[PDB]
Every structure is written in C-alpha cells, then in structure tokens.
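To keep things clear, I will list the structure first and then write my remarks on it.
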Amino acid sequence: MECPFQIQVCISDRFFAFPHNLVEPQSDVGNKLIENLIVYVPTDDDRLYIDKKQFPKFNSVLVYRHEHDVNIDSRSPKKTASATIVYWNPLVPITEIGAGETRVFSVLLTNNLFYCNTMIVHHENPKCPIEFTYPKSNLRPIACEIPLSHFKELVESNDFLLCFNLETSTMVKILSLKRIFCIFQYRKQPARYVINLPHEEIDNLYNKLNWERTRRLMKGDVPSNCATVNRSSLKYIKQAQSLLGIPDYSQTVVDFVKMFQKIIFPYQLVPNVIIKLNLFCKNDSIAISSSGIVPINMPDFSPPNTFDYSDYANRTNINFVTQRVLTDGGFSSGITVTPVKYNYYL
Amino acid sequence: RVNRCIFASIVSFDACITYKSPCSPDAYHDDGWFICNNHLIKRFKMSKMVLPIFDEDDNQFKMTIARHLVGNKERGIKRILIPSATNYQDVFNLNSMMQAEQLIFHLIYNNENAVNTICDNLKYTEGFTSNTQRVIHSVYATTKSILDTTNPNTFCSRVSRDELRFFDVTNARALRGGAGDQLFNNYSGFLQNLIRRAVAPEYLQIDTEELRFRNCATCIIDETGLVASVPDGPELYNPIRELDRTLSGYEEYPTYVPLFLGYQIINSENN
Amino acid sequence: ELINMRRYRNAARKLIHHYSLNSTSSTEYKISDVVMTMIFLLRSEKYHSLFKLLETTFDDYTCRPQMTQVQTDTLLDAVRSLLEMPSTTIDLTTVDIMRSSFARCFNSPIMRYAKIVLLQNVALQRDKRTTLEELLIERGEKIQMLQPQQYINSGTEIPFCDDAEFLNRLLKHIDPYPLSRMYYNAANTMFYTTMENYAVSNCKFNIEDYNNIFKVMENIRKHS
C-alpha cells in the first residue's frame with residue numbers, strides 16, 4: 001500500500017471517457033522525449049473506446065488489458081524506461097512504471113492509490129440520480145460493464161435498469177456503477193434507475209461507494225449532497241409513507257426530510273425521522289445564534305453534573321406515580337413509568 | 001411448496017359455479033418454466049421434457065426443451081404453437097374461454113385495452129363489489145407478481161452477452177425462415193422466457209467447443225408466431241404378434257419430433 | 001476475593017425460584033445451597049432487608065413480620081432485581097410463601113432423605129380453618145351478584161384455519177418439542193396455582209385426595 005514516489009494521480013468524475021488531451025510524453029534523465037506510449041485498461045472491452053488517432057504527438061501506441069501480476073511487488077515496481085505508461089481506472093495494484101512521470105487517470109479511488117499523490121478535479125452542482133421501483137413505463141436496460149455504448153440513451157432517456165453479468169467481479173461492478181453514477185451527476189436532469197441484483201449485494205456496493213467517497217473527501221474533494229440511502233432506512237421511509245404518504249414521489253425521501261425541515265428550527269428539536277434515519281455519533285443542527293438541538297445544548301457538550309435527581313430517581317416516587325396511574329386507569333400491567341432524567345439543562 | 005403456473009390461479013369469478021385447477025404437481029417446481037404441464041398441453045401445443053448435455057468426463061448438464069402436439073393434416077392456426085401479438089385472439093377465440101382465462105391471456109400479451117374493457121364491464125355486474133371485485137384484484141395481483149420477475153431477467157438477457165440466443169435459421173437459403181428475432185423481442189417477457197425455455201438451438205458453443213444436435217431446423221418463427229412447420233419439406237410424422245414377440249427392449253428411440261431451432265452462445269461464466 | 005460471588009448468586013437464584021415462584025424446576029437442594037444463599041443475601045447490602053426477614057423467623061416462625069409500606073416497596077424492588085423478572089406478580093403472596101418455607105426449613109432438623117412436605121403451612125389472617133362448601137357458597141354469593149361483560153347470542157361455528165400449509169408448518173415447528181416436558185410443566189403449574197390459591201384461601205386442602213381422585217377418575221373412565 002506504500003505507494004511508490006513516481007506515481008501521479010488525477011481523479012475526476014468526468015474520466016469515464018479517456019482524457020486524450022491530458023496525455024503527454026515524459027522525459028527520463030536521458031532528457032529525450034519518449035514517443036512509444038503504452039496504455040492499460042481494466043478489461044478488453046475498454047479497448048474499443050481508445051482511438052489510436054487521438055494522440056498526434058506520439059509515434060506508436062500499444063494497448064493491453066491490465067492483467068494482475070504476482071512476480072513483481074508494488075514496493076519496487078518494474079521499470080521500463082523505453083516507453084511512457086498511462087493507466088486508466090486501475091483496479092489492482094499498479095506494477096509497471098514508465099520513464100519519468102506516470103499518470104493514472106481514474107474515477108475510483110481505492111486503497112491501492114490512497115497513499116500516492118493526488119490532484120482531484122472536483123465538481124460543481126452535481127445532480128442526484130433518483131432511485132425507485134416499478135411497483136408503468138418503458139424500462140430501458142443498459143449494459144453496465146460497457147456504459148460507453150449507451151451514452152446517447154443515458155443523456156436522453158429517463159428510466160434505466162442496471163444490469164450485471166454474473167461474471168463481473170465485485171471490483172468491476174463497483175467501477176461500472178461509479179461510471180454510470182458520474183454520467184448521471186453530469187446529466188442535465190435527474191434520471192431514474194433501479195438495480196436487478198439481490199439486495200445484500202446492493203448494500204455491499206453502497207458500502208463500497210460510501211467508503212470511496214470518504215476517501216475522496218479525505219483527499220479534499222468537494223462534498224456532494226447526493227448519496228445512497230441504507231435499505232433499513234428505506235423500509236422505515238416506506239412505513240412512514242404507507243402510514244400517511246399516499247403517492248410515490250420521485251424524491252420521497254427528500255420530501256419527508258424537507259417536510260420536517262420546515263419545523264426543525266422553531267420548535268428547537270430533532271425530527272424523529274432523522275433520528276431513526278441514523279451507538280453514539282449523535283447528530284445535531286445549528287442556527288446562527290448559539291444553541292444546540294437535542295436538549296437545546298450549548299456548543300460544548302453534554303454537561304457532566306448539573307443538578308440532583310433526588311425527588312425523581314427514588315423508587316418511592318416512581319412507585320407512587322405508577323400506582324396512581326394504574327388505579328385511575330383500571331389497568332393491571334402494560335404501563336411503564338420512567339423519571340424525567342434526560343434533562344441536560346433547561 | 002408454492003405453485004408457479006400463471007394458469008394455476010385460474011378461477012371462475014362468479015361465486016356460484018366452481019372452477020377447475022388441472023395443474024399438475026410439477027407446477028410447484030421452480031425449474032424456470034411458468035406453466036403447469038397440463039395447461040401447457042391444453043392451451044398450447046407443448047409438452048415439457050428435458051435434454052441432458054454430457055461430455056467425455058461424465059458431467060451432468062440439462063436444458064429445457066419442448067415437443068410437438070400437432071399431427072400432419074392440421075393446417076392454418078392449428079400449425080401455430082405460440083401465436084404473435086396480433087394473431088392470438090383469433091386462434092384462441094377468447095370469447096369462448098372463461099373470462100379469467102381471457103384476462104390472463106390479455107396480461108400475457110400486454111393487451112391493456114382488453115384488460116381495461118374486461119375490468120370496466122365487470123364493474124357493471126351485480127355482486128361484483130361484494131366478492132368479484134376482490135377476486136379480480138387477487139387474480140390481477142397474482143398475475144402481476146408472476147409476470148414481474150420475468151421482465152428483468154428477460155431484459156437483462158436482452159442487454160449483454162451472457163447467452164446469445166439467435167433464432168437465425170440454419171442454412172440461410174433454406175426457406176422463409178424469417179429473422180423474427182424482434183417479433184420474439186416484441187413478445188412480452190413471459191412469452192419470451194417461455195419460448196426460450198421451450199425450444200433449444202441446433203448449434204451450441206460452450207467456451208470454444210462446438211456442439212450440434214440436429215442437421216436441420218424443426219420449427220420456424222413467422223408473423224403468426226411460432227409455427228411447427230419444418231422448413232423446406234413436408235412436416236414430420238407425429239404418432240401422438242409374432243414379430244412383436246421377437247422384438248424385445250431395443251432402445252425404443254422415441255419417434256416424436258421435439259423443438260429444434262436457433263443458435264446459442266455460451267460464455268465461460270454461465271453455469 | 002475470597003467469595004465466589006457468581007456461584008452463590010446462581011445458587012440463590014435457583015433456590016428463590018424454587019420456593020417463591022415455585023417454577024417447574026424441582027431438584028434436590030442441599031444445605032450447601034441454603035448456606036450459599038444466606039451468605040449471598042448478607043453480603044449484598046441491598047438484600048439486608050431480606051436477610052433480616054429470614055433471620056427474624058429463627059426464633060418465632062409463626063407470624064408475618066410487621067413492616068412499613070416503604071419497607072415493602074424496597075423489599076419488592078430487591079426481590080425483583082434479584083430474580084430479574086419484572087414481568088411477574090410478586091406482590092405479597094410470594095413473600096409470605098417464602099417466609100413460610102424458610103420457617104419450615106430453618107426450624108427443621110437434619111434428614112437423610114428429604115422431607116417432601118406441601119407448602120400448605122403458616123397461613124395468614126389468623127382465621128379458623130374453613131371448609132370448601134362454606135367459602136364456596138360465600139364467594140359464589142359475590143360472584144352471582146351482577147356485572148356480565150359481553151352478550152354473544154347467535155353463536156358462530158368455531159372457526160378453523162382451512163390452509164393446510166399453515167398447519168404443516170406449525171406441525172414442523174412444534175414437533176421437536178418433547179411431549180413429556182410439556183405435560184409435566186402444565187400439570188405442575190396447575191398444581192402450584194391451586195396450592196397457592198388454596199393456601200391464601202385459608203382452608204384445608206386434600207393433599208393426595210382431590211387432585212389424586214380427579215386423576216384416578218379420568219384414568220378409570222377412559223380405561224374401563
């Protein structure tokens with residue numbers, strides 16, 4: 001994982017297509033420009049989207065499918081000073097370094113590249129793709145492993161069905177998903193989409209995406225308010241909808257959350273939807289004036305010892321109140337009384 | 001434990017006259033088909049059967065396959081095994097079958113107009129709101145819950161190379177042999193899955209090896225759907241004491257002609 | 001430390017469940033267990049009230065001790081915390097039964113093979129022993145007074161689930177249960193409930209007659 005010091009990494013959302021303009025020859029200590037350029041790609045499929053004529057500078061171009069090697073460690077990559085090398089969305093540890101610089105243009109930031117250098121090309125005003133499910137439209141399925149085929153449809157059409165062969169390893173599925181998600185975030189309007197895979201695998205993919213975005217943020221990428229939603233949270237949202245939400249809105253999750261955003265501030269308390277949407281890691285909110293949310297907390301933290309609970313925590317008081325309510329209501333059981341103890345400060 | 005036949009939910013939604021459920025026990029199996037063998041032989045000219053694919057290492061691999069249910073003298077609609085979207089009502093004269101059968105067939109062909117007409121006409125009948133409304137809701141819900149799973153899997157097949165099923169007639173000259181590939185693709189997902197699981201290709205390609213089972217086609221796709229007319233020749237026969245004494249068990253070799261059409265491609269990953 | 005607090009905790013739990021809740025558990029209990037339990041109660045300051053209650057009965061074992069309402073509340077809290085069963089009724093009958101049982105045990109001599117004596121002993125209220133007919137008539141008088149609660153008149157046939165799968169799944173789930181354990185639990189439970197009701201009623205029970213004759217009648221009528 002300890003990245004070699006010759007690697008330069010550029011990360012951007014718009015790298016789903018090959019960035020021909022950015023590829024340039026490198027010079028070794030020999031101070032001679034090297035024109036024999038060699039490129040690597042994940043699978044043979046990507047070879048069909050690399051023009052040999054988009055590199056006027058370079059004399060000769062050779063393409064290969066990046067197939068993982070075992071005889072060479074990443075600590076000491078093999079050096080071939082006779083040809084420049086440029087990687088594209090690599091999914092396994094890099095093992096071959098060309099003369100001088102060696103750029104790696106990728107849309108995914110795994111662990112293998114984390115400790116390398118970085119130049120993130122962040123993005124402005126991303127669109128959030130809309131996830132839904134059919135249970136009335138002309139579903140337009142898309143070959144996830146080769147999204148570049150259906151670029152025009154993705155630009156134009158609205159509904160889309162993520163589809164994966166069973167051959168694809170987890171990493172390639174992740175890469176294709178990230179490609180399509182970047183395509184959406186660049187789209188002019190939000191696009192609807194679904195996945196034809198078992199739910200557990202979808203959760204694994206979304207965990208992978210969340211950690212990828214975490215690494216991107218830890219390297220200084222601009223935050224994106226667009227993100228996936230946990231399936232359990234989805235079930236909670238569906239229950240809330242069935243309770244009161246009649247239709248199926250496009251961004252019904254955002255609808256709930258904003259419908260309670262309207263009330264977060266004036267009553268000074270968290271809407272329970274947010275609480276259930278989330279041990280510890282307790283969430284809060286702010287106003288321009290100094291005040292917390294959950295207890296109306298001060299900007300420091302939960303106070304250690306503010307006032308005694310003598311009149312409440314004593315078993316006598318709780319028992320008396322329990323007996324009073326039980327006698328008044330006619331119950332025999334099923335009623336629990338708890339002292340008001342979660343009183344940080346009024 | 002649970003049956004997976006669309007016709008297994010066929011019910012007379014009258015609340016007075018009993019309904020029939022001739023679906024065989026095998027219809028509970030989740031083998032990929034979605035019709036009970038009894039309904040398969042009743043509504044269609046099909047009979048479920050299996051074909052095993054072995055090798056020189058004695059490995060087991062079997063695939064679904066169908067069989068003829070037509071004789072020789074039958075012509076016209078009788079020769080059609082699975083009609084197309086336009087020519088299904090005439091061959092099935094839906095006005096003569098039960099209304100629930102008509103609704104199911106309309107859903108299979110995605111005849112939304114017929115479904116809407118049957119629903120809004122059924123609104124008129126008395127006692128409908130009592131129990132016939134809930135029966136029609138149950139039937140519609142079950143039909144949707146059976147159809148739905150098929151469309152993704154059919155769609156995903158129509159997306160990527162995993163199994164390239166080409167209905168191209170072998171020996172391109174041959175006969176009419178229409179490349180109805182999109183007429184098939186114009187079928188609903190259920191119909192497409194049913195026809196894919198019913199007929200098997202003549203040439204098969206696993207990894208790099210090539211396998212062949214028949215020298216010529218058996219059925220053919222036409223604008224009227226899948227018709228069991230052998231290309232370029234008369235149709236094959238369909239069968240539907242001393243010398244017998246001297247003839248013992250001698251590999252009877254069933255003479256009925258099963259389905260054989262199209263071309264398949266197998267990638268390394270499929271199982 | 002010098003005290004196996006966990007093991008003594010377990011022993012006290014088992015013995016108190018054996019005497020108070022009178023759960024289906026029924027195994028031989030040796031002086032070791034009672035000694036461990038008493039040590040456990042004395043050790044825990046929370047349980048000093050229970051310890052004092054048990055100690056009091058050493059001299060006189062023939063009375064309910066006099067307490068205060070707050071003392072009773074604290075005692076109930078201690079017992080509930082020990083048993084870790086908030087979902088149970090342990091209000092007063094439980095405590096009286098425990099006191100009676102410990103009064104019998106502590107004031108009992110050493111025996112080679114158990115005693116096996118019913119918990120019908122040291123009833124409260126100091127009422128003269130009453131007969132079944134007298135108490136039954138007196139209580140039925142109150143029962144027959146008034147206040148029904150639901151008027152079901154026409155009568156619908158008892159419903160039955162028509163789905164076989166709903167029955168086959170239940171058969172599969174319930175099959176591993178051993179029948180003997182279920183029968184033994186249910187029988188012992190009915191016995192204990194009857195014993196407690198009768199003891200509170202302050203009457204004279206039929207030790208091996210009423211339940212015994214009932215069993216005998218069932219067996220005879222089914223057999224012959």
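No value in this document is a laboratory result; all are computed from the given coordinates. Counting neighbours? That spans all protein chains shown, and the Cβs are built from the backbone with ideal geometry, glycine included.
The single condition among (1) surrounded by fewer than 19 Cβ atoms within 10 Å (Cβ to Cβ); (2) more than 21 Å from the chain's Cα centre (by Cα); (3) away from every other protein chain (no Cβ under 14 Å) that residue A:188 does not meet is (2).
Limited to segment B:126-166, what total is found for residues that are part of a helix (DSSP H, G or I) and away from chain A (no Cβ under 14 Å)? Qualifying residue count, segment B:126-166: 12. Those residues that are within 14 Å of chain A (Cβ to nearest Cβ) and in contact with a helix residue (DSSP H, G or I) (Cβ under 6 Å, 6 or more places away or on another chain), I need them from segment B:116-125; list them, please. None; the set is empty. Among the residues examined, residue A:62 qualifies as exposed (fewer than 14 other Cβ atoms within 10 Å of the Cβ) and in a strand (DSSP E or B).
Screening C:23, C:101 for residues that are closer than 30 Å to residue A:319 by Cα, touching a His at 6+ places or on another chain (Cβ under 8 Å) and among the small types (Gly, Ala, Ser) leaves exactly one candidate, C:23. Exactly one residue out of C:124, C:75, C:82 is within 30 Å of residue A:320 (Cβ to Cβ), within 14 Å of another protein chain (Cβ to nearest Cβ) and surrounded by 14 or more Cβ atoms within 10 Å (Cβ to Cβ), and it is C:75.
From the list B:239, B:234, B:258, B:201, pick out the single residue that is surrounded by fewer than 20 Cβ atoms within 10 Å (Cβ to Cβ) and either touching a strand residue (DSSP E or B) at 6+ places or on another chain (Cβ under 8 Å) or aliphatic (A, V, I, L, M) (or both).
Numbers: B:239 fails: either touching a strand residue (DSSP E or B) at 6+ places or on another chain (Cβ under 8 Å) or aliphatic (A, V, I, L, M) (or both); B:234 fails: either touching a strand residue (DSSP E or B) at 6+ places or on another chain (Cβ under 8 Å) or aliphatic (A, V, I, L, M) (or both); B:201 fails: surrounded by fewer than 20 Cβ atoms within 10 Å (Cβ to Cβ).
Checking each option against the conditions leaves just B:258.
Counting just the residues of segment B:8-27 that are touching a helix residue (DSSP H, G or I) at 6+ places or on another chain (Cβ under 9 Å) and assigned to a helix (DSSP H, G or I), which one comes out surrounded by the fewest Cβ atoms within 10 Å (Cβ to Cβ)? Ranking the candidates gives B:26 first.
Determine, yes or no, whether residue A:173 is buried (at least 18 other Cβ atoms within 10 Å of the Cβ), part of a helix (DSSP H, G or I), touching a helix residue (DSSP H, G or I) at 6+ places or on another chain (Cβ under 9 Å) and within 14 Å of another protein chain (Cβ to nearest Cβ). Yes, satisfied.
For segment A:51-59, the criterion of a residue being within 25 Å of residue A:174 (Cβ to Cβ), assigned to a loop (DSSP other than H, G, I, E, B) and of a type outside the set (A, V, I, L, M, F, W, C) is satisfied by no position.
Is segment B:202-212 home to any residue that is out of contact with any helix residue (DSSP H, G or I) (no Cβ under 8 Å at 6 or more places or on another chain), acidic (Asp, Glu), within 14 Å of chain A (Cβ to nearest Cβ) and under 30 Å from residue A:164 (Cβ atoms)? Yes, segment B:202-212 contains a residue that is out of contact with any helix residue (DSSP H, G or I) (no Cβ under 8 Å at 6 or more places or on another chain), acidic (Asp, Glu), within 14 Å of chain A (Cβ to nearest Cβ) and under 30 Å from residue A:164 (Cβ atoms).
Within segment A:132-143, the only residue that satisfies the criterion of being more than 8 Å from chain B (Cβ to nearest Cβ) and among the hydrophobic types (A, V, I, L, M, F, W, C) is A:132. Being surrounded by 12 or more Cβ atoms within 10 Å (Cβ to Cβ), of a type outside the set (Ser, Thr, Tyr) and either out of contact with any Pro (no Cβ under 9 Å at 6 or more places or on another chain) or within 14 Å of another protein chain (Cβ to nearest Cβ) (or both) holds for only one residue in C:28, C:45, C:55, and it is C:55. Taken over segment C:30-74, residues that are under 21 Å from the mean Cα position of the chain (by Cα), over 21 Å from residue C:5 (Cα atoms) and assigned to a helix (DSSP H, G or I) amount to 3. The residue list A:206, A:193 contains one member that is within 14 Å of chain B (Cβ to nearest Cβ), outside any loop (DSSP other than H, G, I, E, B) and within 18 Å of the chain's Cα centre (by Cα), which is A:193.
For residue B:217, the conditions (1) of a type outside the set (S, T, N, Q); (2) within 14 Å of chain A (Cβ to nearest Cβ); (3) in contact with a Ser or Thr (Cβ under 9 Å, 6 or more places away or on another chain) all hold with the exception of (2).
Where helices (runs of 4 or more DSSP H) fall entirely within segment A:237-346, those with at least 1 residues that are within 14 Å of chain C (Cβ to nearest Cβ) and in contact with a helix residue (DSSP H, G or I) (Cβ under 8 Å, 6 or more places away or on another chain) are at A:315-329. Does segment A:147-170 include one or more residues that are touching a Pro at 6+ places or on another chain (Cβ under 7 Å), at the interface with chain B (Cβ under 10 Å from one of its Cβ atoms) and either at negative phi or of a type in the set (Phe, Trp, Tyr) (or both)? Looking through segment A:147-170, at least one residue is touching a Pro at 6+ places or on another chain (Cβ under 7 Å), at the interface with chain B (Cβ under 10 Å from one of its Cβ atoms) and either at negative phi or of a type in the set (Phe, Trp, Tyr) (or both). State yes or no: is residue C:64 within 14 Å of chain A (Cβ to nearest Cβ), of a type in the set (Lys, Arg), surrounded by 13 or more Cβ atoms within 10 Å (Cβ to Cβ) and at negative phi? Here the answer is no, as residue C:64 does not meet what is asked. Residues that are closer than 28 Å to residue B:218 by Cα, among the acidic types (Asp, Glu) and under 19 Å from the mean Cα position of the chain (by Cα) are absent from segment B:46-67 altogether. Is it fair to say residue B:58 is of a type in the set (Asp, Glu) and at negative phi? So residue B:58 does not fit the description; no.
State whether one or more residues within segment B:211-223 are out of contact with any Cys (no Cβ under 8 Å at 6 or more places or on another chain), closer than 29 Å to residue B:152 by Cβ and among the polar types (S, T, N, Q). Within segment B:211-223, none of the residues are out of contact with any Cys (no Cβ under 8 Å at 6 or more places or on another chain), closer than 29 Å to residue B:152 by Cβ and among the polar types (S, T, N, Q).
The residues of segment C:100-154 that are assigned to a loop (DSSP other than H, G, I, E, B), among the aromatic types (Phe, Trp, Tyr) and within 19 Å of residue C:33 (Cα to Cα) amount to a single one, C:113. Answer yes or no as to whether residue B:169 is within 14 Å of chain A (Cβ to nearest Cβ) and closer than 26 Å to residue B:83 by Cα. It is false that residue B:169 is within 14 Å of chain A (Cβ to nearest Cβ) and closer than 26 Å to residue B:83 by Cα.
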